[PDB]
$ cat run.csv   # CSV, C-alpha atoms
chain,number,residue,atom,x,y,z
A,1,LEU,CA,-11.8,9.2,2.4
A,2,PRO,CA,-13.3,7.2,-0.5
A,3,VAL,CA,-15.7,4.5,0.9
A,4,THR,CA,-16.2,2.7,-2.4
A,5,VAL,CA,-13.9,0.0,-3.8
A,6,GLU,CA,-13.6,-1.1,-7.4
A,7,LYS,CA,-12.5,-4.6,-8.3
A,8,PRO,CA,-12.4,-6.7,-11.5
A,9,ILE,CA,-14.2,-9.6,-9.9
A,10,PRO,CA,-17.0,-8.8,-7.4
A,11,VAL,CA,-16.5,-9.8,-3.8
A,12,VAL,CA,-18.9,-12.5,-2.4
A,13,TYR,CA,-20.4,-12.3,1.1
A,14,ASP,CA,-21.6,-14.6,3.9
A,15,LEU,CA,-22.9,-11.9,6.3
A,16,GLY,CA,-24.4,-14.5,8.6
A,17,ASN,CA,-20.8,-15.3,9.5
A,18,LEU,CA,-19.5,-11.7,9.0
A,19,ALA,CA,-17.3,-13.0,6.2
A,20,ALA,CA,-16.2,-11.7,2.7
A,21,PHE,CA,-14.6,-13.7,-0.1
A,22,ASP,CA,-12.3,-12.2,-2.6
A,23,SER,CA,-11.3,-14.2,-5.7
A,24,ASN,CA,-9.3,-11.5,-7.4
A,25,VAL,CA,-5.8,-12.1,-8.8
A,26,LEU,CA,-2.9,-12.2,-6.3
A,27,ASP,CA,0.7,-11.6,-7.3
A,28,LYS,CA,3.3,-14.0,-5.9
A,29,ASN,CA,6.1,-11.3,-6.0
A,30,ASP,CA,4.0,-8.9,-3.9
A,31,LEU,CA,3.5,-11.4,-1.1
A,32,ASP,CA,6.9,-13.2,-1.1
A,33,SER,CA,8.6,-13.3,2.4
A,34,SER,CA,11.6,-11.4,1.0
A,35,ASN,CA,9.5,-8.5,-0.2
A,36,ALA,CA,9.9,-5.7,2.3
A,37,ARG,CA,6.6,-4.0,1.6
A,38,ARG,CA,4.8,-7.3,2.2
A,39,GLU,CA,2.6,-6.4,5.1
A,40,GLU,CA,1.6,-3.1,3.6
A,41,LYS,CA,0.0,-5.0,0.7
A,42,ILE,CA,-1.7,-7.6,3.0
A,43,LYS,CA,-3.3,-4.9,5.1
A,44,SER,CA,-4.2,-2.6,2.2
A,45,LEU,CA,-5.9,-5.5,0.4
A,46,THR,CA,-7.6,-6.6,3.6
A,47,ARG,CA,-8.8,-3.0,4.2
A,48,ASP,CA,-10.5,-2.9,0.9
A,49,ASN,CA,-12.4,-6.1,1.6
A,50,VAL,CA,-13.3,-5.0,5.2
A,51,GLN,CA,-14.6,-1.8,3.7
A,52,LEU,CA,-16.8,-3.7,1.3
A,53,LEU,CA,-17.9,-6.0,4.1
A,54,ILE,CA,-18.8,-3.2,6.4
A,55,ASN,CA,-20.7,-1.4,3.5
A,56,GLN,CA,-22.8,-4.6,3.0
A,57,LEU,CA,-23.4,-5.0,6.7
A,58,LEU,CA,-24.7,-1.5,7.1
A,59,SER,CA,-27.2,-2.0,4.3
A,60,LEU,CA,-28.9,-4.8,6.2
A,61,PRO,CA,-32.1,-4.3,8.2
A,62,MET,CA,-30.9,-1.7,10.7
A,63,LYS,CA,-31.9,0.7,13.5
A,64,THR,CA,-30.1,3.0,15.9
A,65,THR,CA,-32.2,2.5,19.0
B,1,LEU,CA,-31.9,-25.6,16.8
B,2,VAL,CA,-28.2,-24.6,16.2
B,3,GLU,CA,-25.5,-26.2,18.3
B,4,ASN,CA,-23.6,-24.7,21.2
B,5,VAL,CA,-20.3,-22.9,20.3
B,6,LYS,CA,-17.6,-25.3,19.4
B,7,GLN,CA,-15.0,-25.6,22.1
B,8,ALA,CA,-11.3,-25.8,21.3
B,9,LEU,CA,-8.7,-27.9,23.1
B,10,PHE,CA,-5.0,-27.0,22.6
B,11,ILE,CA,-2.7,-30.0,23.2
B,12,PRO,CA,1.1,-29.8,23.5
B,13,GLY,CA,2.6,-32.8,21.8
B,14,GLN,CA,5.7,-34.7,23.0
B,15,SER,CA,8.0,-32.4,20.9
B,16,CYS,CA,6.3,-29.1,21.8
B,17,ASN,CA,8.7,-26.4,22.8
B,18,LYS,CA,8.5,-22.9,24.3
B,19,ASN,CA,8.4,-21.0,21.0
B,20,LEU,CA,5.6,-23.2,19.7
B,21,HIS,CA,3.9,-22.8,23.1
B,22,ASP,CA,4.0,-19.0,22.7
B,23,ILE,CA,2.2,-19.4,19.4
B,24,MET,CA,-0.4,-21.6,21.1
B,25,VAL,CA,-1.0,-19.0,23.8
B,26,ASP,CA,-1.5,-16.1,21.5
B,27,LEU,CA,-3.7,-17.9,19.0
B,28,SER,CA,-5.7,-19.5,21.8
B,29,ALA,CA,-6.5,-16.0,23.1
B,30,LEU,CA,-8.6,-15.4,19.9
B,31,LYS,CA,-10.7,-18.3,20.9
B,32,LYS,CA,-11.6,-17.1,24.4
B,33,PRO,CA,-13.7,-17.9,26.2
B,34,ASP,CA,-14.5,-21.2,24.2
B,35,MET,CA,-11.0,-22.7,24.8
B,36,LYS,CA,-9.0,-25.0,27.0
B,37,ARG,CA,-5.3,-25.5,27.2
B,38,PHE,CA,-3.4,-28.6,28.3
B,39,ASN,CA,-0.2,-28.0,30.2
B,40,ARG,CA,1.6,-31.3,29.9
B,41,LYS,CA,3.1,-33.0,26.8
B,42,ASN,CA,1.2,-35.9,25.3
B,43,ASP,CA,2.6,-38.6,22.9
B,44,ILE,CA,0.1,-38.2,20.1
B,45,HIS,CA,0.7,-39.0,16.4
B,46,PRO,CA,-2.6,-38.3,14.5
B,47,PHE,CA,-1.7,-39.8,11.2
B,48,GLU,CA,-0.6,-43.0,12.9
B,49,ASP,CA,-3.3,-43.4,15.5
B,50,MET,CA,-6.4,-41.2,16.0
B,51,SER,CA,-7.7,-42.9,19.1
B,52,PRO,CA,-6.2,-40.5,21.7
B,53,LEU,CA,-7.6,-37.4,19.9
B,54,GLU,CA,-11.1,-39.0,19.9
B,55,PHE,CA,-10.7,-39.8,23.6
B,56,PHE,CA,-9.8,-36.2,24.5
B,57,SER,CA,-12.6,-34.9,22.4
B,58,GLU,CA,-15.2,-36.9,24.3
B,59,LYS,CA,-13.9,-36.4,27.8
B,60,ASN,CA,-13.3,-32.7,27.5
B,61,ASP,CA,-16.3,-32.0,25.2
B,62,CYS,CA,-14.2,-30.3,22.6
B,63,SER,CA,-15.0,-30.7,18.9
B,64,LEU,CA,-12.0,-28.5,17.9
B,65,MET,CA,-8.4,-29.6,18.7
B,66,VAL,CA,-4.9,-28.3,18.0
B,67,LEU,CA,-1.8,-30.4,18.5
B,68,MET,CA,1.6,-28.8,18.8
B,69,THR,CA,4.5,-30.7,17.4
B,70,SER,CA,8.0,-29.8,16.1
B,71,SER,CA,10.7,-31.8,14.3
B,72,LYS,CA,13.2,-30.7,11.6
B,73,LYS,CA,11.0,-32.4,9.0
B,74,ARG,CA,7.9,-30.7,10.3
B,75,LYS,CA,8.9,-27.6,12.4
B,76,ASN,CA,6.3,-25.6,14.4
B,77,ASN,CA,3.6,-28.1,13.3
B,78,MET,CA,0.0,-27.2,14.2
B,79,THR,CA,-2.3,-30.0,13.4
B,80,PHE,CA,-5.9,-28.7,13.4
B,81,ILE,CA,-8.5,-31.3,14.1
B,82,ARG,CA,-12.3,-31.3,14.0
B,83,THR,CA,-14.6,-34.1,15.3
B,84,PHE,CA,-18.2,-35.2,14.8
B,85,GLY,CA,-19.8,-37.3,17.4
B,86,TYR,CA,-16.3,-37.4,19.0
B,87,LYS,CA,-15.0,-39.2,15.9
B,88,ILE,CA,-12.4,-37.5,13.6
B,89,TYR,CA,-14.0,-35.5,10.9
B,90,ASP,CA,-10.9,-34.0,9.2
B,91,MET,CA,-7.3,-33.0,9.9
B,92,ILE,CA,-4.7,-30.7,8.4
B,93,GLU,CA,-1.1,-29.9,9.3
B,94,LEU,CA,-0.3,-26.2,9.3
B,95,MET,CA,3.4,-25.4,9.9
B,96,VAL,CA,4.4,-21.9,11.1
B,97,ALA,CA,7.2,-20.2,9.2
B,98,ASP,CA,10.1,-18.5,11.1
B,99,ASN,CA,8.9,-15.0,10.2
B,100,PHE,CA,6.1,-15.2,12.8
B,101,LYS,CA,5.2,-12.3,15.1
B,102,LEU,CA,3.6,-12.7,18.6
B,103,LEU,CA,1.3,-10.3,20.5
B,104,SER,CA,4.4,-8.9,22.2
B,105,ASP,CA,5.7,-7.6,18.8
B,106,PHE,CA,2.7,-5.3,18.3
B,107,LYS,CA,1.5,-2.3,20.4
B,108,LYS,CA,-1.1,-3.5,22.8
B,109,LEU,CA,-4.5,-1.9,22.1
B,110,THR,CA,-7.8,-2.1,24.0
B,111,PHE,CA,-9.5,-5.3,23.1
B,112,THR,CA,-12.8,-6.7,24.2
B,113,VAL,CA,-12.6,-10.5,24.6
B,114,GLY,CA,-15.4,-12.6,23.2
B,115,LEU,CA,-16.6,-10.5,20.3
B,116,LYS,CA,-17.7,-12.1,17.0
B,117,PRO,CA,-14.7,-11.7,14.6
B,118,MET,CA,-15.1,-10.6,11.0
B,119,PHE,CA,-13.5,-12.7,8.2
B,120,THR,CA,-11.9,-11.8,4.9
B,121,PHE,CA,-10.5,-14.5,2.6
B,122,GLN,CA,-8.2,-13.5,-0.3
B,123,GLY,CA,-7.6,-16.0,-3.0
B,124,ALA,CA,-9.8,-17.7,-5.7
B,125,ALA,CA,-8.6,-21.1,-4.6
B,126,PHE,CA,-10.5,-20.7,-1.3
B,127,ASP,CA,-13.6,-21.5,-3.4
B,128,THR,CA,-12.4,-24.0,-6.0
B,129,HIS,CA,-9.3,-25.8,-4.6
B,130,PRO,CA,-10.1,-28.9,-2.3
B,131,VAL,CA,-7.2,-28.1,0.1
B,132,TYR,CA,-7.9,-24.4,0.5
B,133,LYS,CA,-11.7,-25.0,0.7
B,134,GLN,CA,-11.0,-27.1,3.8
B,135,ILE,CA,-8.8,-24.4,5.3
B,136,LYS,CA,-11.5,-21.8,4.7
B,137,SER,CA,-14.1,-24.1,6.2
B,138,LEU,CA,-11.8,-24.9,9.1
B,139,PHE,CA,-11.0,-21.3,10.2
B,140,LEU,CA,-14.6,-20.2,9.8
B,141,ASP,CA,-15.7,-23.0,12.0
B,142,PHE,CA,-12.9,-22.5,14.5
B,143,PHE,CA,-13.2,-18.7,15.3
B,144,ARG,CA,-16.7,-17.6,14.4
B,145,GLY,CA,-18.0,-18.4,17.8
B,146,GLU,CA,-21.6,-17.5,18.7
B,147,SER,CA,-24.2,-17.6,15.9
B,148,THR,CA,-26.8,-14.8,16.3
B,149,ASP,CA,-29.6,-13.0,14.5
B,150,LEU,CA,-28.6,-9.7,16.2
B,151,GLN,CA,-25.4,-7.7,15.6
B,152,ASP,CA,-24.3,-4.6,17.4
B,153,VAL,CA,-22.3,-2.4,15.0
B,154,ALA,CA,-20.2,-1.3,18.0
B,155,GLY,CA,-19.2,-5.0,18.4
B,156,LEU,CA,-17.5,-5.0,15.0
B,157,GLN,CA,-14.0,-4.8,16.5
B,158,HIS,CA,-11.5,-7.0,14.7
B,159,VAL,CA,-11.0,-8.9,11.5
B,160,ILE,CA,-9.3,-12.3,10.8
B,161,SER,CA,-7.7,-12.1,7.4
B,162,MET,CA,-6.4,-15.1,5.4
B,163,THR,CA,-4.5,-14.7,2.2
B,164,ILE,CA,-2.9,-17.2,-0.2
B,165,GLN,CA,0.6,-16.3,-1.0
B,166,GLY,CA,0.1,-15.5,-4.7
B,167,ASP,CA,-1.9,-17.4,-7.4
B,168,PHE,CA,-0.4,-20.7,-8.6
B,169,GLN,CA,-0.7,-23.3,-11.3
B,170,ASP,CA,-1.7,-27.0,-11.0
B,171,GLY,CA,1.3,-29.2,-10.2
B,172,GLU,CA,3.4,-26.6,-8.3
B,173,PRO,CA,3.8,-26.7,-4.5
B,174,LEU,CA,0.9,-25.2,-2.6
B,175,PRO,CA,1.5,-21.6,-1.6
B,176,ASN,CA,1.4,-20.7,2.1
B,177,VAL,CA,-1.6,-19.1,3.8
B,178,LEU,CA,-1.0,-15.8,5.5
B,179,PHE,CA,-2.9,-15.4,8.8
B,180,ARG,CA,-3.3,-11.8,9.9
B,181,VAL,CA,-5.4,-10.1,12.6
B,182,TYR,CA,-6.4,-6.4,12.4
B,183,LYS,CA,-8.3,-4.0,14.7
B,184,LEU,CA,-10.8,-1.8,12.9
B,185,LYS,CA,-10.8,2.0,13.0
B,186,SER,CA,-13.6,4.0,11.4
B,187,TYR,CA,-13.8,7.7,10.4
B,188,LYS,CA,-16.6,9.9,9.0
B,189,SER,CA,-16.9,10.5,5.3
B,190,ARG,CA,-24.0,7.1,5.9
B,191,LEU,CA,-20.8,5.0,5.5
B,192,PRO,CA,-17.6,5.3,7.5
B,193,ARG,CA,-14.1,5.2,6.0
B,194,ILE,CA,-12.3,2.1,7.4
B,195,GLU,CA,-8.6,1.8,8.4
B,196,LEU,CA,-6.8,-1.2,9.9
B,197,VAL,CA,-4.2,-1.7,12.6
B,198,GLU,CA,-2.4,-5.1,13.0
B,199,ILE,CA,-2.6,-6.5,16.5
B,200,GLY,CA,-1.3,-10.0,15.8
B,201,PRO,CA,-0.5,-12.8,16.0
B,202,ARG,CA,1.1,-12.9,12.5
B,203,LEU,CA,1.5,-16.4,11.1
B,204,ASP,CA,2.5,-17.9,7.7
B,205,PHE,CA,1.1,-21.4,7.4
B,206,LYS,CA,2.9,-24.1,5.4
B,207,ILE,CA,0.4,-26.9,4.4
B,208,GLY,CA,1.3,-30.4,5.4
B,209,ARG,CA,-0.6,-33.7,5.5
B,210,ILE,CA,-4.4,-33.9,5.2
B,211,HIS,CA,-7.2,-36.2,6.4
B,212,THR,CA,-10.6,-36.0,4.8
B,213,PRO,CA,-14.0,-37.5,6.0
B,214,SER,CA,-15.8,-40.3,4.3
B,215,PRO,CA,-19.0,-39.7,2.3
B,216,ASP,CA,-21.0,-41.3,5.1
B,217,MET,CA,-19.7,-39.0,7.8
B,218,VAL,CA,-20.2,-35.9,5.6
B,219,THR,CA,-23.8,-37.0,5.1
B,220,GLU,CA,-24.4,-37.1,8.9
B,221,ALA,CA,-22.3,-34.0,9.8
B,222,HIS,CA,-24.0,-31.9,7.1
B,223,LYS,CA,-27.5,-33.4,7.4
B,224,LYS,CA,-30.3,-30.8,7.1
B,225,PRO,CA,-33.3,-30.4,9.4
C,1,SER,CA,-30.4,1.6,25.4
C,2,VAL,CA,-29.0,3.5,22.5
C,3,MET,CA,-27.1,1.4,20.0
C,4,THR,CA,-27.1,0.5,16.3
C,5,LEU,CA,-28.3,-3.1,15.6
C,6,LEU,CA,-28.3,-5.2,12.5
C,7,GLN,CA,-30.4,-8.3,11.6
C,8,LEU,CA,-28.0,-10.8,10.1
C,9,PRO,CA,-29.2,-13.1,7.2
C,10,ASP,CA,-29.0,-16.9,7.2
C,11,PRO,CA,-25.5,-18.3,6.9
C,12,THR,CA,-24.6,-19.8,3.5
C,13,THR,CA,-21.2,-21.5,4.2
C,14,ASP,CA,-21.9,-25.2,4.8
C,15,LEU,CA,-20.0,-26.0,8.0
C,16,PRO,CA,-20.0,-29.5,9.7
C,17,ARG,CA,-21.9,-30.1,12.9
C,18,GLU,CA,-20.1,-31.3,16.0
C,19,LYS,CA,-22.9,-33.7,17.0
C,20,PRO,CA,-25.6,-35.8,15.3
C,21,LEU,CA,-28.9,-34.2,14.5
C,22,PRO,CA,-31.3,-35.3,17.3
$ encode --input "run.csv" --output "structure tokens"
Amino acid sequence: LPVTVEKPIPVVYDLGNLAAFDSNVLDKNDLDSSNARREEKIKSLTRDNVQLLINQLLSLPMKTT
Amino acid sequence: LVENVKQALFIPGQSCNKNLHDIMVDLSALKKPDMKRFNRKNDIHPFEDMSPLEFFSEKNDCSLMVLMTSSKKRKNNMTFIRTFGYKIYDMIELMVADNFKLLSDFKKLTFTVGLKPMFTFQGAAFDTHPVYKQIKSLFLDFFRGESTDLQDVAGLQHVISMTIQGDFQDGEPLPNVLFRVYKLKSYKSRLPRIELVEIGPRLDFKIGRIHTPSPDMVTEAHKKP
Amino acid sequence: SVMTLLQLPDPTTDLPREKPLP
């Protein structure tokens, strides 16, 4: 249920292309092909950036016609 | 003033096989409707002779091209090619690892074809490293589709996620890039709580040979009005 | 029509053109 995401380095945005860029530290061991909980980490990290992206998008000039 | 949507042409090489073709089909689906597939195999070797790729680019009006090739030295090789004025702009070999998953490996959900995808790039090198900067530029250019001033929130359906397999130090081999595609689900907490469901395809790209444009071509292809 | 619309800002990522500027 939390809609906010805290990160050491702030995520940068290119909303004209619906894109977000995350420069935060990635761990090799968390993402290695032998790590079983690999895809859980990929999705979880992606979910955070998508959340931040959607937040930024919904703060743009907006109207529910 | 902006150009038309870039069209993608998928070309099976001489050494293309069924498995690599399955990868083509599923990845080409993300590019619908701005996409064409060739059915026959063509004897193309980009880093030996670029002429045939420039020919196909002009005669099919496709500024984005993907060649499918496989040997034991370069297995499941996808060579991504961009053109400017039907001349080669840049090239990069991205080889798919054996741990790939197709659309058949994920539960089929409802999916509206032709919606503007969202992007998330994970990895600081995407902004500083010459190789990864090209990859970010490539996949943004390839899949973004229609440029528009107007966005329907209801059209925010799926995200294309690309993650570098861990941070790395200068000198070490370049880490793979992890291509993932998720569908969005939103719930009420105004801001919604976002969750993701993977829909595929799932691809781990190994970086191969690279071709970069000359300063003169960059000047023309990035000229401002 | 009822729908939630957004006005997107100018793109910032410098992507190459496919054809020469007229």
$ closest_residue --input "run.csv" --among "A:17, A:44, A:4, A:51" --to "chain C" --atoms "only C-alpha atoms"
A:17
$ closest_atom_pairs --input "run.csv" --of "region 101-190 of chain B" --to "region 27-39 of chain A" --cutoff "8 Å" --atoms "all atoms listed in the file" --output "Markdown table"
| residue | atom | partner | partner_atom | distance |
| --- | --- | --- | --- | --- |
| B:165 | CA | A:31 | CA | 5.7 |
| B:166 | CA | A:28 | CA | 3.7 |
| B:167 | CA | A:27 | CA | 6.4 |
$ write_last_selection --input "run.csv" --atoms "C-alpha atoms" --output "PDB file, in the frame of the given file"
ATOM      1  CA  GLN B 165       0.600 -16.300  -1.000  1.00  0.00           C
ATOM      2  CA  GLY B 166       0.100 -15.500  -4.700  1.00  0.00           C
ATOM      3  CA  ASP B 167      -1.900 -17.400  -7.400  1.00  0.00           C
TER       4      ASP B 167
END
$ interface_residues --input "run.csv" --of "chain B" --to "chain A" --cutoff "7 Å" --atoms "only C-alpha atoms" --output "PyMOL selection string"
chain B and resi 118-124+144+161+165-167+189+191-196
$ atom_distance --input "run.csv" --atom1 "CA of residue 48 (chain B)" --atom2 "CA of residue 83 (chain B)"
16.8 Å
$ closest_residue --input "run.csv" --among "B:140, B:95, B:203, B:62" --to "residue 82 (chain B)" --atoms "all atoms listed in the file"
B:62
$ atom_distance --input "run.csv" --atom1 "CA of residue 222 (chain B)" --atom2 "CA of residue 135 (chain B)"
17.0 Å
$ interface_residues --input "run.csv" --of "chain B" --to "chain C" --cutoff "12 Å" --atoms "only C-alpha atoms" --output "PyMOL selection string"
chain B and resi 1-8+57-58+61-64+81-90+127+133-142+144+147-156+213+217-225
$ atom_distance --input "run.csv" --atom1 "CA of residue 109 (chain B)" --atom2 "CA of residue 41 (chain A)"
22.1 Å
$ decode --input "run.csv" --residues "chain C" --atoms "C-alpha atoms" --output "PDB file, in the first residue's frame"
ATOM      1  CA  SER C   1     -15.954  10.890 -23.613  1.00  0.00           C
ATOM      2  CA  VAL C   2     -14.901  10.330 -20.009  1.00  0.00           C
ATOM      3  CA  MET C   3     -11.181   9.628 -19.581  1.00  0.00           C
ATOM      4  CA  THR C   4      -8.100  10.904 -17.761  1.00  0.00           C
ATOM      5  CA  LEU C   5      -5.681  12.714 -20.066  1.00  0.00           C
ATOM      6  CA  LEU C   6      -2.137  13.976 -19.537  1.00  0.00           C
ATOM      7  CA  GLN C   7      -0.114  16.565 -21.426  1.00  0.00           C
ATOM      8  CA  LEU C   8       3.385  15.165 -21.906  1.00  0.00           C
ATOM      9  CA  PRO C   9       6.414  17.498 -21.733  1.00  0.00           C
ATOM     10  CA  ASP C  10       9.078  17.763 -24.448  1.00  0.00           C
ATOM     11  CA  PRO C  11      11.352  14.713 -24.802  1.00  0.00           C
ATOM     12  CA  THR C  12      14.887  15.154 -23.460  1.00  0.00           C
ATOM     13  CA  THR C  13      16.653  12.033 -24.730  1.00  0.00           C
ATOM     14  CA  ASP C  14      18.560  12.905 -27.906  1.00  0.00           C
ATOM     15  CA  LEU C  15      17.558  10.207 -30.398  1.00  0.00           C
ATOM     16  CA  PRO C  16      18.805  10.117 -34.022  1.00  0.00           C
ATOM     17  CA  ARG C  17      16.500  10.933 -36.932  1.00  0.00           C
ATOM     18  CA  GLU C  18      15.844   8.363 -39.655  1.00  0.00           C
ATOM     19  CA  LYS C  19      15.963  10.921 -42.464  1.00  0.00           C
ATOM     20  CA  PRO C  20      17.649  14.286 -43.177  1.00  0.00           C
ATOM     21  CA  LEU C  21      16.018  17.472 -41.906  1.00  0.00           C
ATOM     22  CA  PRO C  22      14.176  18.963 -44.943  1.00  0.00           C
TER      23      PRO C  22
END
